[PDB]
Amino acid sequence: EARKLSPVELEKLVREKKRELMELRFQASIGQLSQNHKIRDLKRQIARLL
Amino acid sequence: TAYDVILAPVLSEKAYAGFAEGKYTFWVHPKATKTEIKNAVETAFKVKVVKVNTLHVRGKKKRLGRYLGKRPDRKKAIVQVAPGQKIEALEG
Amino acid sequence: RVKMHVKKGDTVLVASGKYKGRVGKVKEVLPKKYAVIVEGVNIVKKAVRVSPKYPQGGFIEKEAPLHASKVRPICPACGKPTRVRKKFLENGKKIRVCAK
Amino acid sequence: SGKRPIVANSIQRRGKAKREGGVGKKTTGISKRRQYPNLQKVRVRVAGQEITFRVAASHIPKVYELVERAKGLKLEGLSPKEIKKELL
RNA sequence: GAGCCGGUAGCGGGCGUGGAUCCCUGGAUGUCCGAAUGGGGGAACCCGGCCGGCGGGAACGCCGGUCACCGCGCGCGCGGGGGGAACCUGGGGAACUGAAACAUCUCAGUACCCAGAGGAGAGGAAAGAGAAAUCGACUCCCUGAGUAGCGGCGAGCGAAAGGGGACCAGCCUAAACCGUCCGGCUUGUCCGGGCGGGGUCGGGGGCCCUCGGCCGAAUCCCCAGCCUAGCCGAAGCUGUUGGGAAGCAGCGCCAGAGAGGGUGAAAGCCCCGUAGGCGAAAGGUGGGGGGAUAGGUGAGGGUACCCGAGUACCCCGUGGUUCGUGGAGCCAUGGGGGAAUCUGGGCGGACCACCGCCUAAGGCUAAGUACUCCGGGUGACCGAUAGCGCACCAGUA
RNA sequence: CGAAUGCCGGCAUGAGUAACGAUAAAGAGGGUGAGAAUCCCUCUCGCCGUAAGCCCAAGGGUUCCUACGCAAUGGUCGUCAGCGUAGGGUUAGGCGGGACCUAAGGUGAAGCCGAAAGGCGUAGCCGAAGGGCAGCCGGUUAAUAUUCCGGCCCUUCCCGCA
RNA sequence: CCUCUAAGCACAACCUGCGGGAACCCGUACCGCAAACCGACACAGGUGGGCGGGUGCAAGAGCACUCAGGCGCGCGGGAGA
Ligand SMILES: [Mg+2]
Ligand SMILES: [Mg+2]
Ligand SMILES: [Mg+2]
Ligand SMILES: [Mg+2]
Ligand SMILES: [Mg+2]
Ligand SMILES: [Mg+2]
Ligand SMILES: [Mg+2]
Ligand SMILES: [Mg+2]
Ligand SMILES: [Mg+2]
Ligand SMILES: [Mg+2]
Ligand SMILES: [Mg+2]
Ligand SMILES: [Mg+2]
Ligand SMILES: [Mg+2]
Ligand SMILES: [Mg+2]
Ligand SMILES: [Mg+2]
Ligand SMILES: [Mg+2]
Ligand SMILES: [Mg+2]
Ligand SMILES: [Mg+2]
Ligand SMILES: [Mg+2]
Ligand SMILES: [Mg+2]
Ligand SMILES: [Mg+2]
Ligand SMILES: [Mg+2]
Ligand SMILES: [Mg+2]
Ligand SMILES: [Mg+2]
Ligand SMILES: [Mg+2]
Ligand SMILES: [Mg+2]
Ligand SMILES: [Mg+2]
Ligand SMILES: [Mg+2]
Ligand SMILES: [Mg+2]
Ligand SMILES: [Mg+2]
Ligand SMILES: [Mg+2]
Ligand SMILES: [Mg+2]
Ligand SMILES: [Mg+2]
Ligand SMILES: [Mg+2]
Ligand SMILES: [Mg+2]
Ligand SMILES: [Mg+2]
Ligand SMILES: [Mg+2]
Ligand SMILES: [Mg+2]
Ligand SMILES: [Mg+2]
Ligand SMILES: [Mg+2]
Ligand SMILES: [Mg+2]
Ligand SMILES: [Mg+2]
Ligand SMILES: [Mg+2]
Ligand SMILES: [Mg+2]
Ligand SMILES: [Mg+2]
Ligand SMILES: [Mg+2]
Ligand SMILES: [Mg+2]
Ligand SMILES: [Mg+2]
Ligand SMILES: [Mg+2]
Ligand SMILES: [Mg+2]
Ligand SMILES: [Mg+2]
Ligand SMILES: [Mg+2]
Ligand SMILES: [Mg+2]
Ligand SMILES: [Mg+2]
Ligand SMILES: [Mg+2]
Ligand SMILES: [Mg+2]
Ligand SMILES: [Mg+2]
Ligand SMILES: [Mg+2]
Ligand SMILES: [Mg+2]
Ligand SMILES: [Mg+2]
Ligand SMILES: [Mg+2]
Ligand SMILES: [Mg+2]
Ligand SMILES: [Mg+2]
Ligand SMILES: [Mg+2]
Ligand SMILES: [Mg+2]
Ligand SMILES: [Mg+2]
Ligand SMILES: [Mg+2]
Ligand SMILES: [Mg+2]
Ligand SMILES: [Mg+2]
Ligand SMILES: [Mg+2]
Ligand SMILES: [Mg+2]
Ligand SMILES: [Mg+2]
Ligand SMILES: [Mg+2]
Ligand SMILES: [Mg+2]
Ligand SMILES: [Mg+2]
Ligand SMILES: [Mg+2]
Ligand SMILES: [Mg+2]
Ligand SMILES: [Mg+2]
Ligand SMILES: [Mg+2]
Ligand SMILES: [Mg+2]
Ligand SMILES: [Mg+2]
Ligand SMILES: [Mg+2]
Ligand SMILES: [Mg+2]
Ligand SMILES: [Mg+2]
Ligand SMILES: [Mg+2]
Ligand SMILES: [Mg+2]
Ligand SMILES: [Mg+2]
Ligand SMILES: [Mg+2]
Ligand SMILES: [Mg+2]
Ligand SMILES: [Mg+2]
Ligand SMILES: [Mg+2]
Ligand SMILES: [Mg+2]
Ligand SMILES: [Mg+2]
Ligand SMILES: [Mg+2]
Ligand SMILES: [Mg+2]
Ligand SMILES: [Mg+2]
Ligand SMILES: [Mg+2]
Ligand SMILES: [Mg+2]
Ligand SMILES: [Mg+2]
Ligand SMILES: [Mg+2]
Ligand SMILES: [Mg+2]
Ligand SMILES: [Mg+2]
Ligand SMILES: [Mg+2]
Ligand SMILES: [Mg+2]
């Protein structure tokens with residue numbers, strides 16, 4: 001769990017973004033919603049040791 | 001994999017009427033798509049959901065090819081009488 | 001890949017057409033259509049908009065791509081094709097000889 | 001048919017004839033159809049415990065040679081695999 | 001190495017000379033179906049069991065493992081299963097056709113089906129070939145040669161030797177005997193069963209006392225080189241008609257680059273390139289180059305020990321080879337009879353006797369050759385009814 | 001290239017000719033619209049009424065509904081449409097299937113037989129508008145409603161108490 | 001579903017009520033004797049089950065009319081060979 005509880009947080013954030021997108025209120029789309037390239041797989045990469 | 005279930009709500013004239021009784025129909029992840037997403041909506045909006053229904057919608061389209069987007073499952077919560085919260089009342 | 005070419009966003013002579021010999025500024029490379037825009041072809045776009053905003057006053061309408069095999073770069077020289085000098089760690093574009 | 005210690009069956013022609021035959025007079029052939037000569041097969045029963053083979057019956061002495069043995073192992077219930085793979 | 005966020009054109013939204021976009025290499029995630037493989041299934045879906053996880057919870061849930069079947073050895077483990085445009089081997093295998101009918105025949109062991117296998121497959125080290133006191137594995141190409149032949153001696157089918165080439169290579173195993181060991185018994189100074197050691201025409205081997213003795217893998221790690229991204233790559237300016245110059249003209253220059261493309265047309269000198277030469281951290285690749293390993297070193301003379309068994313040989317039935325019953329050998333083998341292990345056994349085209357040749361009934365064995373889904377270049381190849389069926393969102397409507 | 005009842009493409013002729021797909025049948029007044037016999041409404045007229053009306057399976061799949069349209073498809077026209085564009089719309093412990101069962105028939109461990117493909121085949125499993133299983137009535141939007149909601153009832157399981 | 005005992009368990013396990021809990025996947029729109037299915041067509045054809053009202057004629061799922069409901073059959077206007 002050295003990298004978890006962070007993607008739970010960032011997937012919570014992306015289900016603030018996808019809420020904000022459906023109503024007409026998401027005015028930085030690719031500036032925010034394509035976080036999941038570097039962010040979000042920011043800490044979805046470790047070698048599963050042991 | 002709990003916030004990758006409830007994909008999006010729907011702004012619609014029918015799911016603005018869900019705020020009088022039973023909270024709004026979301027498009028849910030149409031596979032891994034159980035009606036026990038009650039522990040995917042109350043773990044997301046901190047409520048106590050009584051009853052959930054289920055669907056399968058959204059067919060075809062022209063412009064050269066078919067299947068307008070997806071065929072996403074979408075339904076709701078019949079969440080307990082006034083834990084209905086979580087700023088949703090915007091737009092309707 | 002193949003799509004890389006003469007130069008980048010600097011000042012550059014064009015030796016093309018009506019503008020056979022014109023030193024334009026920073027050039028704003030296209031380049032999948034292999035052009036730039038730089039300062040030369042200034043043909044009028046007889047268009048309103050796609051979004052109907054701030055309507056038609058005059059037309060001082062913008063430029064055109066200008067195919068990039070005719071934008072001769074510049075240095076303290078005129079023309080003189082670019083070259084590569086590496087200096088053991090870099091890759092710089094030095095012209096037929098002046099410098100830079 | 002089968003094989004159990006030998007090669008499978010073959011395919012023959014027939015080659016009818018209607019003639020006198022060379023050492024008498026002029027010869028001939030008639031019709032070359034496919035007889036399908038299924039090899040000689042006999043279900044043999046041996047007493048390893050209850051074991052059964054489809055052996056070629058020009059190879060019944062060979063399967064009794066295979067039975068005149070003691071290959072160090074007891075019963076799993078069926079066991080012709082150790083009788084047929086400890087064949088030469 | 002400066003632009004990007006695919007085929008973007010539009011929301012404007014961001015992101016980059018502290019290095020992005022891309023391309024390559026190596027991982028990670030790979031939902032579901034599919035050999036499908038937990039069971040079912042009407043493919044892309046349902047329904048589980050066990051373990052481990054979230055009143056998120058004991059019940060329904062979802063996650064992440066594991067649950068097919070078969071083959072090989074000691075419940076335990078390593079493979080197999082399906083796919084592939086052709087190419088190949090084996091098992092099967094037509095018929096129209098041709099014979100100016102047709103049945104033998106031909107088409108043809110073709111097409112096709114099935115199995116198998118791999119970048120090749122096959123075959124392969126002589127029980128060979130056949131006239132030479134000869135050749136010496138196998139394959140492929142050209143000759144032999146449309147010869148020899150076969151043939152309702154019609155139609156037609158059609159070698160092989162020799163000889164040129166390519167390529168090159170030989171080897172493991174009971175060509176018996178010694179010990180080992182679960183048990184066999186009539187406890188036998190012994191039956192067969194697994195290994196192990198022996199064993200491959202100082203004609204072979206095992207056994208019995210002289211005369212003592214290391215070449216080299218197909219296997220293994222290496223290393224170039226090859227790819228899988230790329231990179232550097234020479235030298236032209238002016239005037240002219242013109243929409244536009246590279247055209248025309250003048251004055252040049254490079255050339256290990258005057259192949260080609262695009263540039264507003266006709267460009268060696270604008271670009272991309274080409275000649276030439278660099279480039280691999282990572283993976284494949286590879287004795288082409290050197291390295292070691294595994295293996296190989298009754299020469300002699302004897303006491304007749306062993307040289308692959310329902311096999312050879314004989315007959316009946318057939319296929320293969322040029323061979324269609326013929327004088328029918330040979331090679332395979334479905335039926336029946338059924339041997340011996342070197343004064344053995346087979347072959348040299350019935351057979352027999354001389355003279356030769358060669359060792360079957362166990363297996364492996366690179367290389368050269370066929371192929372082209374694939375990538376590249378090449379064209380007295382096509383230029384949209386052509387070329388693939390598709391230059392285009394086509395195996396689509 | 002001139003012929004192959006050639007092939008592909010084009011355009012003719014036939015020809016403004018036959019037809020326009022039921023001899024159930026229309027007429028009028030307002031609208032709307034640029035435009036109307038055809039669209040909407042009204043009022044008569046007619047036609048089916050064991051259907052030419054409702055409901056469910058089969059099948060088809062978004063044709064449903066609303067709004068913007070009318071080039072194209074409607075055998076005419078079309079503002080209309082089922083056609084084009086975009087957006088909505090299909091809510092189940094109780095209805096139907098599956099977490100249940102079998103019939104014919106498949107598949108099929110075992111077993112048999114086939115040159116290979118494979119062909120059989122016991123148990124088992126699959127197999128359904130058959131058996132079994134817990135729901136009725138009303139309302140609501142533009143569309144769903146035995147699903148949403150209102151009332152009453154009922155079923156399985158799991159935990160706790162007796 | 002009812003029942004009987006094997007294995008087993010008899011500190012379980014079932015059974016009856018009362019309290020709480022849990023109830024999953026798919027189908028659901030619309031046409032459905034048709035302009036949306038099958039017939040290349042908005043095709044006079046084909047299509048399974050259920051309700052299919054009233055009055056009259058002996059009865060009737062007939063026939064005649066007609067509720068409810070749904071259509072006037074997606075070309076018409078003339079003329080009167
Ligand atoms: Mg449902
Ligand atoms: Mg549509
Ligand atoms: Mg660098
Ligand atoms: Mg003859
Ligand atoms: Mg024949
Ligand atoms: Mg017997
Ligand atoms: Mg994009
Ligand atoms: Mg980088
Ligand atoms: Mg990057
Ligand atoms: Mg990329
Ligand atoms: Mg994961
Ligand atoms: Mg499966
Ligand atoms: Mg199955
Ligand atoms: Mg399914
Ligand atoms: Mg917890
Ligand atoms: Mg827990
Ligand atoms: Mg599992
Ligand atoms: Mg191994
Ligand atoms: Mg296979
Ligand atoms: Mg024939
Ligand atoms: Mg003939
Ligand atoms: Mg004939
Ligand atoms: Mg032949
Ligand atoms: Mg090979
Ligand atoms: Mg071989
Ligand atoms: Mg030899
Ligand atoms: Mg030859
Ligand atoms: Mg030769
Ligand atoms: Mg030779
Ligand atoms: Mg050699
Ligand atoms: Mg022994
Ligand atoms: Mg040995
Ligand atoms: Mg001696
Ligand atoms: Mg090395
Ligand atoms: Mg090197
Ligand atoms: Mg490269
Ligand atoms: Mg360069
Ligand atoms: Mg250059
Ligand atoms: Mg001119
Ligand atoms: Mg040119
Ligand atoms: Mg031109
Ligand atoms: Mg040129
Ligand atoms: Mg070079
Ligand atoms: Mg390397
Ligand atoms: Mg390395
Ligand atoms: Mg290799
Ligand atoms: Mg021998
Ligand atoms: Mg015998
Ligand atoms: Mg012989
Ligand atoms: Mg003769
Ligand atoms: Mg002798
Ligand atoms: Mg012999
Ligand atoms: Mg010989
Ligand atoms: Mg002989
Ligand atoms: Mg002779
Ligand atoms: Mg080989
Ligand atoms: Mg070769
Ligand atoms: Mg190419
Ligand atoms: Mg041409
Ligand atoms: Mg050309
Ligand atoms: Mg064309
Ligand atoms: Mg074509
Ligand atoms: Mg053309
Ligand atoms: Mg296409
Ligand atoms: Mg013509
Ligand atoms: Mg003619
Ligand atoms: Mg002619
Ligand atoms: Mg024509
Ligand atoms: Mg015409
Ligand atoms: Mg006429
Ligand atoms: Mg007429
Ligand atoms: Mg008419
Ligand atoms: Mg009437
Ligand atoms: Mg009537
Ligand atoms: Mg509608
Ligand atoms: Mg029109
Ligand atoms: Mg029309
Ligand atoms: Mg209008
Ligand atoms: Mg529509
Ligand atoms: Mg209920
Ligand atoms: Mg039910
Ligand atoms: Mg389930
Ligand atoms: Mg079932
Ligand atoms: Mg049965
Ligand atoms: Mg069967
Ligand atoms: Mg089963
Ligand atoms: Mg049923
Ligand atoms: Mg039923
Ligand atoms: Mg409805
Ligand atoms: Mg409904
Ligand atoms: Mg009741
Ligand atoms: Mg519950
Ligand atoms: Mg309904
Ligand atoms: Mg009906
Ligand atoms: Mg209708
Ligand atoms: Mg139809
Ligand atoms: Mg028809
Ligand atoms: Mg009609
Ligand atoms: Mg009809
Ligand atoms: Mg009927
Ligand atoms: Mg009557
Ligand atoms: Mg009637
Ligand atoms: Mg009509
Ligand atoms: Mg009349």
# chains A, B, ... in the order shown; residues from 1 in each chain; ligands from 1

$ residues_near_ligand --ligand "ligand 66" --cutoff "12 Å" --atoms "only C-alpha atoms (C1' of nucleotides) and all ligand atoms" --output "count of residues only"
5

$ residues_near_ligand --ligand "ligand 38" --cutoff "12 Å" --atoms "only C-alpha atoms (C1' of nucleotides) and all ligand atoms" --output "ChimeraX atom specification"
/C:5-6,80-84,95-96 /E:232-235,254,257,268-274

$ residues_near_ligand --ligand "ligand 49" --cutoff "8 Å" --atoms "only C-alpha atoms (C1' of nucleotides) and all ligand atoms" --output "list in words"
residues 313, 330 and 346 of chain E

$ write_last_selection --atoms "C-alpha atoms (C1' of nucleotides)" --output "PDB file, in the first residue's frame"
ATOM      1  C1'   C E 313      13.566 -66.237 -46.979  1.00  0.00           C
ATOM      2  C1'   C E 330      14.460 -55.176 -56.343  1.00  0.00           C
ATOM      3  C1'   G E 346      21.078 -60.016 -48.827  1.00  0.00           C
TER       4        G E 346
END

$ atom_distance --atom1 "atom 1 (Mg, counted along the ligand's line) of ligand 82" --atom2 "CA of residue 36 (chain B)"
12.3 Å

$ interface_residues --of "chain A" --to "chain B" --cutoff "6 Å" --atoms "only C-alpha atoms" --output "VMD selection string"
chain A and resid 11 18 to 19

$ residues_around --residues "residue 68 (chain G)" --least-positions-apart "6" --cutoff "12 Å" --atoms "only C-alpha atoms (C1' of nucleotides)" --output "VMD selection string"
(chain F and resid 49 53 to 54) or (chain G and resid 52 to 54)

$ residues_near_ligand --ligand "ligand 15" --cutoff "12 Å" --atoms "only C-alpha atoms (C1' of nucleotides) and all ligand atoms" --output "PDB file with N, CA, C and O atoms (P, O5', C5', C4', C3', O3' and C1' of nucleotides), in the first residue's frame"
ATOM      1  P     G E  53      -8.235 -12.052   4.172  1.00  0.00           P
ATOM      2  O5'   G E  53      -8.612 -10.829   3.220  1.00  0.00           O
ATOM      3  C5'   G E  53      -7.753  -9.703   3.127  1.00  0.00           C
ATOM      4  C4'   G E  53      -8.199  -8.699   2.091  1.00  0.00           C
ATOM      5  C3'   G E  53      -9.495  -7.945   2.342  1.00  0.00           C
ATOM      6  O3'   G E  53      -9.333  -6.849   3.229  1.00  0.00           O
ATOM      7  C1'   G E  53      -9.427  -8.683   0.105  1.00  0.00           C
ATOM      8  P     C E  54     -10.599  -6.001   3.739  1.00  0.00           P
ATOM      9  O5'   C E  54     -10.880  -4.990   2.541  1.00  0.00           O
ATOM     10  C5'   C E  54     -11.011  -3.590   2.711  1.00  0.00           C
ATOM     11  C4'   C E  54     -12.095  -3.059   1.806  1.00  0.00           C
ATOM     12  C3'   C E  54     -13.501  -2.997   2.383  1.00  0.00           C
ATOM     13  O3'   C E  54     -13.738  -1.820   3.137  1.00  0.00           O
ATOM     14  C1'   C E  54     -13.559  -4.028   0.245  1.00  0.00           C
ATOM     15  P     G E  55     -19.163  -0.016   6.707  1.00  0.00           P
ATOM     16  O5'   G E  55     -19.668  -1.526   6.705  1.00  0.00           O
ATOM     17  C5'   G E  55     -19.312  -2.355   7.792  1.00  0.00           C
ATOM     18  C4'   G E  55     -20.471  -3.080   8.430  1.00  0.00           C
ATOM     19  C3'   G E  55     -21.020  -4.287   7.682  1.00  0.00           C
ATOM     20  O3'   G E  55     -20.479  -5.484   8.190  1.00  0.00           O
ATOM     21  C1'   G E  55     -22.783  -2.765   8.093  1.00  0.00           C
ATOM     22  P     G E  56     -16.363   0.317  -0.896  1.00  0.00           P
ATOM     23  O5'   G E  56     -16.040   0.165   0.663  1.00  0.00           O
ATOM     24  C5'   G E  56     -16.951   0.570   1.686  1.00  0.00           C
ATOM     25  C4'   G E  56     -18.331  -0.040   1.597  1.00  0.00           C
ATOM     26  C3'   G E  56     -18.937  -0.434   2.926  1.00  0.00           C
ATOM     27  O3'   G E  56     -19.529   0.670   3.575  1.00  0.00           O
ATOM     28  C1'   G E  56     -19.231  -2.196   1.383  1.00  0.00           C
ATOM     29  P     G E  57     -17.374  -6.228   8.156  1.00  0.00           P
ATOM     30  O5'   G E  57     -17.617  -6.162   6.575  1.00  0.00           O
ATOM     31  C5'   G E  57     -18.022  -7.288   5.790  1.00  0.00           C
ATOM     32  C4'   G E  57     -19.443  -7.775   5.979  1.00  0.00           C
ATOM     33  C3'   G E  57     -19.782  -8.918   5.027  1.00  0.00           C
ATOM     34  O3'   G E  57     -20.244 -10.079   5.710  1.00  0.00           O
ATOM     35  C1'   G E  57     -21.438  -7.194   4.897  1.00  0.00           C
TER      36        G E  57
END

$ interface_residues --of "chain C" --to "chain E" --cutoff "9 Å" --atoms "only C-alpha atoms (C1' of nucleotides)" --output "VMD selection string"
chain C and resid 1 to 3 5 to 6 8 to 9 15 to 18 29 50 67 to 72 81 84 91

$ residues_near_ligand --ligand "ligand 26" --cutoff "9 Å" --atoms "only C-alpha atoms (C1' of nucleotides) and all ligand atoms" --output "PyMOL selection string"
chain E and resi 125-126+136-137

$ interface_residues --of "chain D" --to "chain E" --cutoff "9 Å" --atoms "only C-alpha atoms (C1' of nucleotides)" --output "ChimeraX atom specification"
/D:9-15,21-22,27-32,36-40,58-62,68-73,86

$ write_last_selection --atoms "C-alpha atoms" --output "tab-separated table (two decimals), in the first residue's frame"
chain	number	residue	atom	x	y	z
D	9	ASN	CA	-3.52	-51.85	-42.27
D	10	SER	CA	-2.70	-51.07	-45.88
D	11	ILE	CA	-4.58	-50.37	-49.10
D	12	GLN	CA	-4.53	-52.78	-52.01
D	13	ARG	CA	-5.65	-52.74	-55.56
D	14	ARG	CA	-7.62	-55.70	-56.83
D	15	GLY	CA	-6.46	-56.29	-60.40
D	21	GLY	CA	-1.76	-66.00	-69.08
D	22	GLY	CA	1.54	-65.81	-70.91
D	27	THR	CA	-3.00	-62.20	-70.99
D	28	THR	CA	-4.95	-59.16	-69.71
D	29	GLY	CA	-6.21	-57.09	-66.83
D	30	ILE	CA	-9.75	-55.96	-66.15
D	31	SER	CA	-10.48	-53.62	-63.25
D	32	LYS	CA	-8.22	-52.09	-60.62
D	36	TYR	CA	-8.93	-52.48	-48.35
D	37	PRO	CA	-7.04	-55.34	-46.69
D	38	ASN	CA	-7.76	-54.91	-42.99
D	39	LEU	CA	-5.05	-56.74	-41.18
D	40	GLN	CA	-5.60	-59.90	-39.17
D	58	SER	CA	0.95	-63.11	-36.44
D	59	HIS	CA	2.12	-61.46	-33.21
D	60	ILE	CA	0.37	-63.59	-30.59
D	61	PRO	CA	3.74	-65.20	-29.64
D	62	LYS	CA	5.10	-61.66	-29.36
D	68	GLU	CA	6.40	-63.66	-19.86
D	69	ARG	CA	7.80	-60.85	-17.72
D	70	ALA	CA	7.79	-59.29	-14.29
D	71	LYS	CA	8.07	-55.53	-14.69
D	72	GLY	CA	8.35	-54.78	-10.97
D	73	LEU	CA	5.02	-52.99	-10.59
D	86	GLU	CA	8.43	-51.61	-21.90

$ residues_near_ligand --ligand "ligand 6" --cutoff "9 Å" --atoms "only C-alpha atoms (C1' of nucleotides) and all ligand atoms" --output "VMD selection string"
chain D and resid 42 to 46

$ residues_around --residues "residue 92 (chain B)" --least-positions-apart "5" --cutoff "9 Å" --atoms "only C-alpha atoms (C1' of nucleotides)" --output "list in words"
residues 11, 12, 13, 15, 16, 17 and 19 of chain B

$ residues_around --residues "residue 74 (chain D)" --least-positions-apart "6" --cutoff "12 Å" --atoms "only C-alpha atoms (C1' of nucleotides)" --output "JSON, numbers by chain"
{"D": [48, 49, 80, 82, 83], "E": [182, 183]}

$ residues_near_ligand --ligand "ligand 79" --cutoff "9 Å" --atoms "only C-alpha atoms (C1' of nucleotides) and all ligand atoms" --output "list in words"
residues 63, 81, 82, 83, 84 and 85 of chain F

$ write_last_selection --atoms "N, CA, C and O atoms (P, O5', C5', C4', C3', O3' and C1' of nucleotides)" --output "PDB file, in the first residue's frame"
ATOM      1  P     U F  63     -34.902   5.962 -34.796  1.00  0.00           P
ATOM      2  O5'   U F  63     -36.411   5.495 -34.865  1.00  0.00           O
ATOM      3  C5'   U F  63     -37.290   6.030 -35.821  1.00  0.00           C
ATOM      4  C4'   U F  63     -38.198   4.968 -36.368  1.00  0.00           C
ATOM      5  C3'   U F  63     -39.424   4.631 -35.560  1.00  0.00           C
ATOM      6  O3'   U F  63     -40.458   5.580 -35.693  1.00  0.00           O
ATOM      7  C1'   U F  63     -38.452   2.669 -36.428  1.00  0.00           C
ATOM      8  P     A F  81     -44.271  14.788 -38.241  1.00  0.00           P
ATOM      9  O5'   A F  81     -43.979  13.367 -38.882  1.00  0.00           O
ATOM     10  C5'   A F  81     -44.974  12.359 -38.845  1.00  0.00           C
ATOM     11  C4'   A F  81     -44.680  11.234 -39.796  1.00  0.00           C
ATOM     12  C3'   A F  81     -43.346  10.573 -39.629  1.00  0.00           C
ATOM     13  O3'   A F  81     -43.267   9.712 -38.516  1.00  0.00           O
ATOM     14  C1'   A F  81     -43.736  10.912 -41.895  1.00  0.00           C
ATOM     15  P     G F  82     -42.450  10.180 -37.224  1.00  0.00           P
ATOM     16  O5'   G F  82     -41.140   9.295 -37.233  1.00  0.00           O
ATOM     17  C5'   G F  82     -40.482   8.937 -38.434  1.00  0.00           C
ATOM     18  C4'   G F  82     -40.264   7.458 -38.503  1.00  0.00           C
ATOM     19  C3'   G F  82     -39.728   6.933 -39.824  1.00  0.00           C
ATOM     20  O3'   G F  82     -38.827   5.888 -39.544  1.00  0.00           O
ATOM     21  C1'   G F  82     -41.665   5.786 -39.256  1.00  0.00           C
ATOM     22  P     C F  83     -37.326   6.036 -40.020  1.00  0.00           P
ATOM     23  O5'   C F  83     -37.451   7.072 -41.205  1.00  0.00           O
ATOM     24  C5'   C F  83     -37.337   6.643 -42.545  1.00  0.00           C
ATOM     25  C4'   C F  83     -36.679   7.701 -43.369  1.00  0.00           C
ATOM     26  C3'   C F  83     -35.642   8.531 -42.658  1.00  0.00           C
ATOM     27  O3'   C F  83     -34.396   7.873 -42.579  1.00  0.00           O
ATOM     28  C1'   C F  83     -37.093   9.949 -43.830  1.00  0.00           C
ATOM     29  P     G F  84     -33.377   8.182 -41.385  1.00  0.00           P
ATOM     30  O5'   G F  84     -32.863   9.655 -41.681  1.00  0.00           O
ATOM     31  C5'   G F  84     -31.959   9.901 -42.744  1.00  0.00           C
ATOM     32  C4'   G F  84     -31.487  11.329 -42.743  1.00  0.00           C
ATOM     33  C3'   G F  84     -30.914  11.831 -41.437  1.00  0.00           C
ATOM     34  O3'   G F  84     -29.578  11.438 -41.237  1.00  0.00           O
ATOM     35  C1'   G F  84     -32.415  13.412 -42.279  1.00  0.00           C
ATOM     36  P     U F  85     -29.019  11.209 -39.754  1.00  0.00           P
ATOM     37  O5'   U F  85     -29.074  12.636 -39.067  1.00  0.00           O
ATOM     38  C5'   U F  85     -28.074  13.594 -39.365  1.00  0.00           C
ATOM     39  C4'   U F  85     -28.262  14.852 -38.573  1.00  0.00           C
ATOM     40  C3'   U F  85     -28.232  14.690 -37.071  1.00  0.00           C
ATOM     41  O3'   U F  85     -26.934  14.556 -36.520  1.00  0.00           O
ATOM     42  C1'   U F  85     -30.092  15.986 -37.665  1.00  0.00           C
TER      43        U F  85
END

$ select_by_dssp --residues "region 2-91 of chain B" --states "strand (DSSP E or B)" --output "PyMOL selection string"
chain B and resi 6-9+26-28+74-75

$ residues_near_ligand --ligand "ligand 93" --cutoff "8 Å" --atoms "only C-alpha atoms (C1' of nucleotides) and all ligand atoms" --output "list in words"
residues 144 and 145 of chain F; 28 of chain G

$ write_last_selection --atoms "C-alpha atoms (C1' of nucleotides)" --output "PDB file, in the first residue's frame"
ATOM      1  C1'   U F 144     -41.512   3.270 -19.740  1.00  0.00           C
ATOM      2  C1'   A F 145     -44.401   1.022 -16.372  1.00  0.00           C
TER       3        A F 145
ATOM      4  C1'   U G  28     -38.585  -4.581 -20.839  1.00  0.00           C
TER       5        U G  28
END

$ residues_near_ligand --ligand "ligand 47" --cutoff "9 Å" --atoms "only C-alpha atoms (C1' of nucleotides) and all ligand atoms" --output "JSON, numbers by chain"
{"E": [127, 175, 307, 308, 341, 359, 360, 361]}

$ residues_near_ligand --ligand "ligand 69" --cutoff "12 Å" --atoms "only C-alpha atoms (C1' of nucleotides) and all ligand atoms" --output "JSON, numbers by chain"
{"F": [10, 11, 12, 13, 14, 15]}

$ residues_near_ligand --ligand "ligand 89" --cutoff "12 Å" --atoms "only C-alpha atoms (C1' of nucleotides) and all ligand atoms" --output "ChimeraX atom specification"
/F:64-65,89-90,141-145 /G:28-31

$ residues_near_ligand --ligand "ligand 44" --cutoff "8 Å" --atoms "only C-alpha atoms (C1' of nucleotides) and all ligand atoms" --output "PyMOL selection string"
chain E and resi 280+282-283

$ decode --residues "region 5-13 of chain C" --atoms "C-alpha atoms" --output "mmCIF file, in the first residue's frame"
data_model
loop_
_atom_site.group_PDB
_atom_site.id
_atom_site.type_symbol
_atom_site.label_atom_id
_atom_site.label_comp_id
_atom_site.auth_asym_id
_atom_site.auth_seq_id
_atom_site.Cartn_x
_atom_site.Cartn_y
_atom_site.Cartn_z
ATOM 1 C CA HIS C 5 13.594 20.237 -42.690
ATOM 2 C CA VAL C 6 15.566 23.507 -42.935
ATOM 3 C CA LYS C 7 14.898 25.530 -39.816
ATOM 4 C CA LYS C 8 12.630 26.538 -36.947
ATOM 5 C CA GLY C 9 11.006 29.666 -35.544
ATOM 6 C CA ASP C 10 13.588 32.295 -36.576
ATOM 7 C CA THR C 11 13.992 34.972 -39.264
ATOM 8 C CA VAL C 12 14.433 33.670 -42.794
ATOM 9 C CA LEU C 13 14.574 34.870 -46.415
#
